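What follows is one structure encoded as structure tokens, with my remarks underneath.
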Amino acid sequence: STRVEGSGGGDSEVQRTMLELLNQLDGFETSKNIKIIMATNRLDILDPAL
Amino acid sequence: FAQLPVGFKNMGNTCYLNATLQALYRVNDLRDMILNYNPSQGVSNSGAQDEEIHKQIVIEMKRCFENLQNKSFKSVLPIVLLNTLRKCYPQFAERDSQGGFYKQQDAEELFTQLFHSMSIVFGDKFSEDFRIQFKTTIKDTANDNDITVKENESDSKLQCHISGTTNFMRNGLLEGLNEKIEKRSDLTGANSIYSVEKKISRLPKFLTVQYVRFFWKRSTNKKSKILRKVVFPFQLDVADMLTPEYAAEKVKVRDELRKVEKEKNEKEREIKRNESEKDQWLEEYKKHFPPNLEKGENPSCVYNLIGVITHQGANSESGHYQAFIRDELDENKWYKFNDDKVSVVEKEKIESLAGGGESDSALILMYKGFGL
Amino acid sequence: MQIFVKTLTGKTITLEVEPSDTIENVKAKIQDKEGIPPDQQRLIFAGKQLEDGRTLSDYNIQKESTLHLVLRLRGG
Amino acid sequence: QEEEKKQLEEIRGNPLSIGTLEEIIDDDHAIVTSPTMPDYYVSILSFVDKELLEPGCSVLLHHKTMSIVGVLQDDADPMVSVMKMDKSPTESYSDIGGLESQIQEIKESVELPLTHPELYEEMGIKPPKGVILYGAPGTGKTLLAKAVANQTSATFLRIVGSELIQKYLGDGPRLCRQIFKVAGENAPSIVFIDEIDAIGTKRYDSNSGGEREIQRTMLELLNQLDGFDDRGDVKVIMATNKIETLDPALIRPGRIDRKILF
Amino acid sequence: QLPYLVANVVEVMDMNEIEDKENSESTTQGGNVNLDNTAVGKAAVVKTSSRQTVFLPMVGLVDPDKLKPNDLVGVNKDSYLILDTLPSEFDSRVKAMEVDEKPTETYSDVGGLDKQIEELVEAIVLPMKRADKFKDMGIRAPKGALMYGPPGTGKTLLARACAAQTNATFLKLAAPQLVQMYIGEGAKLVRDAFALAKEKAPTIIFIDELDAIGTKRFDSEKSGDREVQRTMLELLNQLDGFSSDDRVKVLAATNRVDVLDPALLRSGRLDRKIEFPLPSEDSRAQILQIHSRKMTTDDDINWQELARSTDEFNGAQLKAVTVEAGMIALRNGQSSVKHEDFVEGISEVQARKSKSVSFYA
Amino acid sequence: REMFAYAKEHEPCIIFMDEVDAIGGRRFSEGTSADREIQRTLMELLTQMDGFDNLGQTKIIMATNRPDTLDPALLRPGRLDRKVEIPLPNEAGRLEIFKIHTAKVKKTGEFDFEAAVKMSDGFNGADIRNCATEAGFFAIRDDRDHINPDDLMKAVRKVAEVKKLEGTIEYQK
Amino acid sequence: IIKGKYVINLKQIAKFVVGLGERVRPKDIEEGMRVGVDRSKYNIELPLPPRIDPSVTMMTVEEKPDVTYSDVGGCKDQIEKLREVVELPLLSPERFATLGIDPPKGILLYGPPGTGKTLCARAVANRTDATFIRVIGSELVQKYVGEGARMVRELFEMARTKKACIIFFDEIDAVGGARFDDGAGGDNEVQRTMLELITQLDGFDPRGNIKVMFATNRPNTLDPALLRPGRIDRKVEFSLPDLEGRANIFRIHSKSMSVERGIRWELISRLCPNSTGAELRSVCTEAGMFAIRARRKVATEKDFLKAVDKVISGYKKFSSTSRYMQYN
Ligand SMILES: Nc1ncnc2c1ncn2[C@@H]1O[C@H](COP(=O)(O)OP(=O)(O)OP(=O)(O)O)[C@@H](O)[C@H]1O
Ligand SMILES: Nc1ncnc2c1ncn2[C@@H]1O[C@H](COP(=O)(O)OP(=O)(O)OP(=O)(O)O)[C@@H](O)[C@H]1O
Ligand SMILES: Nc1ncnc2c1ncn2[C@@H]1O[C@H](COP(=O)(O)OP(=O)(O)OP(=O)(O)O)[C@@H](O)[C@H]1O
Ligand SMILES: [Mg+2]
Ligand SMILES: [Mg+2]
Ligand SMILES: [Mg+2]
């Protein structure tokens, strides 16, 4: 309850780190097979940079 | 062809002799003296027969140094010297063990014996260069009843006594010249405690400080080794051990020695694409001290190392001497001598020899004056 | 004379000797008071080694002199 | 081949007793502390070059009397795995086709002095150092950094700014200090700090995060980025659109030389 | 002769001694006639620092008078027999507290601070020396004295000088040292700090900086301050009498006295509370003279002139004028220090660079 | 754990916890590891205090200097059944304390405390014994061996003065 | 030490009683010293340096970078004050013995960044050739509290053994700050090591040839007992270059660059407002990127003008065109 005023979600802080790596995952060993299945209660409480 | 001095070879581990020789040649006036001299040039001997051997020793040194200059011997030949010292000092003609091994000499013992051979050949003028004059005050403790002033007190090496409470250079050095001596004295009874303190009157051209990491156990009755790390910088400045009157003279010449030192750091770059400092120190020499020059008087208090004799060893055990000698042809360049091995070390590596614990103990600190 | 030997231990001693008696006698009396065997002793005065069979009159030593006791090391 | 290995194995173990070298002594000895427990005052066989080993080394001790048989050259962390990369992008530049004159400010001060120092020798004085990329999100900042790294082919480190913010203190500074120490250690490196806008907007709890955590890490970065280290080549690329949450000693010139607006 | 294990004693739980006809034990065993069959004499259980316990028959040369149920003993390592007794263990940082004989800087290297000296001797020294008159009076000594006031007044200097002058065992302790990321090893420096002190009693425990363990907090929320305060609490425990602390004292220096814990307002911890004031007119004059005695001055100096023209300067500032004058003397190039130079060190070094920019102030 | 065991073979035991604020701490463990160390030791107590292990001739006296530091499971009754507060000594409760401490010291003869003490409040019970100690310094100054009501009346001023240096504020249940 | 055997506790925690071999001296055992004992029958063979707990202070010992002593800008007078406090008593404590004063040891380096705060301390590291031990204030903070107390204390005493050393306190705005109370904070645990810095500077023993520098970006918040005037003795404000001072710096910089002669280093200073020399270090290098753009081997007046505009405009776009956080 200090992590929702601290980052909008401390899980989303980790989620941000994953997602940026994912940007160049189009071939490093030949493109994706590790998907990001993300989930939440809504997206108005997700960061607008996700 | 080579670009840096060719090493010395072992003859059954004559490392104790090799180590002294290299450092002695870096002593400025020494290396001139043995080469300039010639037998039957006017010196003759009516006194001791050991004088004759002394003069061979001077020659023997001069031939080894000539071989050392050459780059068509890849290892210098000590051989000729060994035999004259065995005859001169039969301490060196003994066996420390059988097998072709001889008596393994202390480096101190050779330093003194060689100096005695040279001081007699070249006389008193050469003697003063290695010798320190003191202005000694012998004072009665609890209100002087006398002053005895001694100028016959002299050593060629100051004694830095460590009892495991000195671990810095200034201490021990200072506190071996300061001592309390029990003297039969008709002033205050029939024995009185006089405080004897020796403060340096005239600085030697070349300074030796002798470190004491050796000890006699009075508890197992066996020698041991002080294993205390003695930290000190490169750079020894003597003004805590100077006599108050003589201190004023020496500082002033030193002051100008730092001044021209600052300019050289810029100027050495220009001239590349010894007279500068000496000329300044000589002009000062005449003002503060008797005319033109003297033997055993050095107005400089800044002392740069020319060699350290490093020992690896303990109680009375057989060891190995290594030597580090200052390069006089490149400044801030040092040569590491592991007798046959010769390596490039910087001046910085020399300070790292201040440690110990089993080996790499500085035993003798060889200095040359910086104004000379 | 009375002469003095500043030991590396941190004390000065007195020795009763005669100037006509050699350096060997000096080392014998140190052995009484300290326990150092009399052949590990190297006694320096004036930067000169002092040798047995030389008197304290061949190096012209006289009272109010301090000889400094140092002990040899072996190499090899 | 035969004779060198023979007498090399004759002093070399059977069990090789991994140790950790705390510090060396210059008398051919060292003090190791083993992860098993007991310390030892070890010798050194010393055909291994007296001065080639340094604190933090992994050393091979002898299964009998512990002597340094040898020295392992390299070891690594899983925390520098995040830093370092195996990738080889399948995009090269002009899949950043467009915005092709504000990209001469990132291949004339990032690419070029690696490619030609010869040009900067004609003029002499120090070559470029540093950029900050800033502008709207989605205008290519992310791919710009990854596109110069395919050209240059020098060690490309990439670290997210949300991992520089941690929920534990004291290890924050050690992480930040590290990046550039590794980076200088390999002679060429380009360190992409993606999202240095993330240091004032991301924070966990407020009793091990907060003002304090954020202030320290910034302080560390000043020493690292330029400071007094004189570390190796670390060309820096920073992406940001919160440039006014950074220090004035960060956006100071000579750590940013040409800054790019998008 | 060496080596042997060093251990402590769990307990002495003796068995009855060997003179009997049926067993010689305190715990009944099956079967009858026994005297040495499985019967044993007195018993000592000792705990190693190799982390076990062994039931050994205690050595018959070591008494139960030489055994306490905590005593530190030698134990033979090869076969466990209590070899000897040794004094109680101390950590190396606690061995590092003890005296070296720090020199006395007598009241003559002090400038001003008369009132401070008077209370100091009164609070600590005299309860030791006139410890008979404290008993005749019927009162107890004050357990310690707090030293507080702004930095610059030589808080730490005075305590060293005067403890060494009158000679009571001077324990050197800095509070941050009690802070450790260990617990049960860093808290143990406190434990050993009194065990040592009762043996070397009478003694003064000087703690410099009583804010590292003198946290006013003991309502802590989500922080490692609960680790910190456990060296505060173990202090308050041995500052209580379970006697063998009456002769053990405390001096404490600290920069600020508004940060102390309410269990240090109370008497029984630091009963006397001394403040260090900012200097006075007379005091300032004295201080300058004490520094300038070291260096060489001219004979045209008037120490009141300087003391008038400096107002509200603390002793550290004043030390910082006398040094500053000889900087200026070196720049002119002299060998003596004028009275005009100290005056210029007022401006060059104070505490603040000038009054500021003023635009209508 | 093993201390409670001791308490069941030794008769009617009385366990004084002195000045406990160390493991008084709450759940925290968002801070350092020390806060879980507290936790481990705390859980240990509860199982002892109430369970199949029940006491009756083992008593807990718990001494603390502030009780709102604690975790509320250490404020739990039937482990703590009576919560006795001892307040600051009262207006004439200081008087009662003074009459036992004037017997210990040497005195001219003093049964004139009463007015001065009530209107020099600010004392805890240990400061009353510090009025006697500080009055023995005023005595030492005069070179007296007795506590005078001249010495005492300067003492109560001083001792009150040095305690105003910091305040203390505490509230209770 | 028991007076006439010794008690050692091994690192294997295990306590034993030991004595003296024949390579030991008794005068050479000191409390807290490490020793070597026989792996079989514990007996002292060779004593060893004290304290194996520090191992990260051997990586803050630094060789002196040859940024040269002339490298620093100007011939201004603030660095000459330093040469009186720090440098000269290492070269000559004679003149301070003739004075008899206590030689000043400490000094504060403060002022705006980009003035070369650390750049003159790299120069002074060239000249004095004393040990430089460099500290980072944020490197003094560890996961658990009291761990950094160990660090600082030991670092100091290692420097006491070292002779002719200098400790360069860099960036100690964190640990080093002011002391205050929070009542629930996490700042307290930091303030522990803040205190640890005080108690070693004054000590109960003086600093025996430890010259001390504090480098702070900010005087706006600092301790009043790490800023007491007797242990930081003279404090030198480092300033912005003058209209002459920028001309001097820019001449050090453009003498290093190939420019085609007949130019004014005066003119470029005038065009700039009162500014840093770190900008002047970057007027050259960005003018050189314009030099390569035109494909000159040289640099001319034209490209200098563009550069001066380039930096100023970004300065306005950025903080610290007015930031000093008041006080003088
Ligand atoms: N100017 C451009 N030229 C060519 N391609 C572009 C350009 N701008 C964006 N793209 C394409 O859009 C992409 C998405 O960009 P990316 O995710 O790298 O954008 P970003 O600006 O880094 O986003 P963010 O604002 O979230 O940091 C790139 O991967 C790129 O191929
Ligand atoms: N009253 C004084 N008389 C003479 N000298 C003083 C006086 N007060 C301070 N000094 C000088 O100032 C120096 C520094 O004082 P010291 O640091 O011991 O004081 P302090 O109150 O403990 O300050 P702090 O601990 O805050 O640094 C002393 O060594 C002493 O020379
Ligand atoms: N006075 C100067 N003369 C010449 N060059 C300077 C000067 N000051 C700074 N510089 C140049 O700027 C570069 C960087 O400055 P430096 O990093 O020393 O700043 P700083 O003062 O340490 O600031 P901070 O520590 O707050 O970031 C130097 O490497 C040098 O090239
Ligand atoms: Mg992106
Ligand atoms: Mg203090
Ligand atoms: Mg800096």
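So the protein sequences, as listed, match chains B, D, R, V, H, A and G. Quick note on my numbering: the first sequence kicks off at 3 and runs consecutively. Quick note on my numbering: the second sequence kicks off at 228 and runs consecutively. Quick note on my numbering: the third sequence kicks off at 244 and runs consecutively. Quick note on my numbering: the fourth sequence kicks off at 276 and runs consecutively. Quick note on my numbering: the fifth sequence kicks off at 23 and runs consecutively. Quick note on my numbering: the sixth sequence kicks off at 260 and runs consecutively. Quick note on my numbering: the seventh sequence kicks off at 2 and runs consecutively. C-beta atoms are modelled at their ideal positions from N, C-alpha and C, and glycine is treated no differently.
- Residue 304 of chain V is bridged by DSSP to V/300.
- Residue side-chain check: residue 136 of chain H keeps its Cβ at 8 Å or more from all non-hydrogen atoms of ligand 2.
- Beta bridge pairing from DSSP links residue 48 of chain G with G/36.
- Contacts between residue 19 of chain B and chain V, judged by CB atoms closer than 7 Å, involve 435, 437, 438 in chain order.
- Counting only the Cα atoms, residue 402 of chain D lies some 45 Å from residue 98 of chain H.
- Annotated as proximal: residue 212 of chain G and residue 106 of chain G, with beta-carbon spacing under 9 Å.
- Bounds of the beta strand (DSSP E) holding residue 531 of chain D are 529-539.
- For residue 587 of chain D, no CB of chain G lies under 9 Å from its own CB, so it is not counted at the interface with that chain.
- Where residue 266 of chain A is concerned, the enclosing alpha helix (DSSP H) starts and stops at 261-268.
- 24, 25, 26, 27, 28: these are the residues of the segment 23-37 of chain H whose beta carbon lies less than 7 Å from some beta carbon of chain G, given in chain order.
- Measuring C-alpha to C-alpha distances from residue 372 of chain H to each of G/233, G/3, G/149 identifies G/233 as the nearest.
- Within the chosen limit of 8 Å, ligand 5 reaches the beta carbon of residue 203 of chain G through at least one heavy atom.
- Residue 128 of chain H has its Cβ no nearer than 8 Å to any heavy atom of ligand 2.
- Taking the Cα of residue 78 of chain G as reference, the smallest distance to any Cα among G/256, G/241, G/126 is reached at G/241.
- Residue 482 of chain V reaches chain G at 185, 186, 187, counting residues in chain order whose Cβ is nearer than 9 Å.
- The shortest CA-to-CA distance from residue 169 of chain H to any of H/115, H/216, H/136, H/231 is the one to H/231.
- Under the 9 Å criterion on CB atoms, residue 391 of chain V is classed as non-interfacial with respect to chain D.
- For residue 34 of chain B, the number of other beta carbons within 10 angstroms of its own is below 16, and it is reported as exposed.
- By the neighbour-count criterion, in which a residue is buried when 16 or more other Cβ atoms sit within 10 angstroms of its Cβ, residue 549 of chain D is buried.
- Interface residue (Cβ-Cβ distance to chain H less than 9 Å): residue 340 of chain A is not classified as such.
- In this chain, residue 5 of chain B is not harboured by any beta strand (DSSP E), its DSSP state being neither H nor E.
- Taking C-beta separations shorter than 8 Å and ignoring five residues to either side along the sequence, the partners of residue 528 of chain D in its chain run 430, 464, 465, 466, 469, 477, 478, 481, following chain order.
- At a Cβ-Cβ threshold of 9 Å, residue 335 of chain V and residue 138 of chain G do not count as neighbours.
- At a cut-off of 9 Å between beta carbons, residue 321 of chain G makes no contact with chain D.
- By the Cβ neighbour-count rule, residue 308 of chain R is buried, with 16 or more other Cβ atoms within 10 Å of its own.
- Rounded to the nearest angstrom, the Cβ distance from residue 594 of chain D to residue 433 of chain D is 6 Å, consistent with a contact under 8 Å.
- For the 9 Å CB-CB criterion, residue 212 of chain H and residue 256 of chain H form a contact.
- As a beta-bridge residue in DSSP terms, residue 424 of chain D pairs with D/364, D/405.
- At a cut-off of 9 Å between beta carbons, residue 453 of chain D contacts chain G.
- The beta carbon of residue 523 of chain D sits no closer than 9 Å to any beta carbon of chain V.
- For residue 505 of chain V, no Cβ of chain D is located within less than 9 Å of the residue's own Cβ.
- Within chain D, no residue has its CB atom less than 8 Å from the CB of residue 297 of chain G, the nearest being about 28 Å off.
- One thing to note: residue 124 of chain G has its Cβ within 9 Å of the Cβ of residue 73 of chain G.
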